[PDB]
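Note: the block below is upload_30.csv and it holds CSV, C-alpha atoms.
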chain,number,residue,atom,x,y,z
A,1,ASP,CA,-10.6,144.2,65.9
A,2,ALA,CA,-6.9,144.7,65.0
A,3,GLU,CA,-5.6,142.5,67.9
A,4,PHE,CA,-2.2,142.3,66.2
A,5,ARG,CA,0.9,141.4,68.2
A,6,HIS,CA,3.7,142.1,65.6
A,7,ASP,CA,5.8,143.6,68.4
A,8,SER,CA,9.5,143.6,67.5
A,9,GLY,CA,12.5,142.4,69.7
A,10,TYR,CA,11.6,138.8,69.0
A,11,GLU,CA,10.0,139.7,65.7
A,12,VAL,CA,10.7,141.8,62.6
A,13,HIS,CA,10.8,145.6,62.9
A,14,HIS,CA,8.8,146.1,59.6
A,15,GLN,CA,5.7,147.2,61.5
A,16,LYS,CA,5.2,149.5,58.6
A,17,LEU,CA,4.3,146.8,56.0
A,18,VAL,CA,0.9,146.1,57.6
A,19,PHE,CA,-0.3,149.7,57.3
A,20,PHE,CA,1.4,150.1,53.9
A,21,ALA,CA,-1.3,147.8,52.6
A,22,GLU,CA,-4.3,148.4,54.9
A,23,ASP,CA,-4.1,152.2,54.3
A,24,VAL,CA,-4.0,151.7,50.6
A,25,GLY,CA,-7.2,149.7,51.0
A,26,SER,CA,-8.6,152.4,53.4
A,27,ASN,CA,-7.4,155.1,51.0
A,28,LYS,CA,-8.3,158.7,51.7
A,29,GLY,CA,-5.9,160.7,49.4
A,30,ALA,CA,-3.4,160.1,52.3
A,31,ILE,CA,-4.9,163.3,54.0
A,32,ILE,CA,-4.3,161.5,57.3
A,33,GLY,CA,-0.7,162.7,57.0
A,34,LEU,CA,-1.2,165.4,54.4
A,35,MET,CA,2.5,165.2,53.6
A,36,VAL,CA,2.7,161.8,51.9
A,37,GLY,CA,4.7,163.3,49.0
A,38,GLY,CA,2.0,164.2,46.5
A,39,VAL,CA,0.0,167.1,48.0
A,40,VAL,CA,0.1,168.8,44.6
Step by step, read the file and then write its structure as structure tokens.
Amino acid sequence: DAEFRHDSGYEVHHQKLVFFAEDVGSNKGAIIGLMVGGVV
């Protein structure tokens, strides 16, 4: 699973976009970073 090959150089450097959606779906109060910008 997750056999992505969105490797830049000969591709866009917006490797953030993917997670920026997948993480929302797999929400967890963003505790994974615990510094998202809303830790009360």
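Note that CA of residue 12 in chain A and CA of residue 37 in chain A are 26.1 Å apart.
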### Query
What's the 10 Å shell around residue 18 in chain A, counting all atoms listed in the file, without same-chain residues fewer than 5 positions away, as a ChimeraX atom specification?
/A:4,6,23
Quick one: everything within 12 Å of residue 29 in chain A, counting only C-alpha atoms, minus sequence neighbours fewer than 5 positions away in the same chain. Send it as a PDB file with C-alpha atoms, in the frame of the given file.
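Okay, this is what ended up in result_39.pdb:
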ATOM      1  CA  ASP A  23      -4.100 152.200  54.300  1.00  0.00           C
ATOM      2  CA  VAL A  24      -4.000 151.700  50.600  1.00  0.00           C
ATOM      3  CA  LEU A  34      -1.200 165.400  54.400  1.00  0.00           C
ATOM      4  CA  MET A  35       2.500 165.200  53.600  1.00  0.00           C
ATOM      5  CA  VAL A  36       2.700 161.800  51.900  1.00  0.00           C
ATOM      6  CA  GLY A  37       4.700 163.300  49.000  1.00  0.00           C
ATOM      7  CA  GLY A  38       2.000 164.200  46.500  1.00  0.00           C
ATOM      8  CA  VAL A  39       0.000 167.100  48.000  1.00  0.00           C
ATOM      9  CA  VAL A  40       0.100 168.800  44.600  1.00  0.00           C
TER      10      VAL A  40
END
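If you look at CA of residue 7 in chain A and CA of residue 22 in chain A, they are 17.5 Å away from each other.
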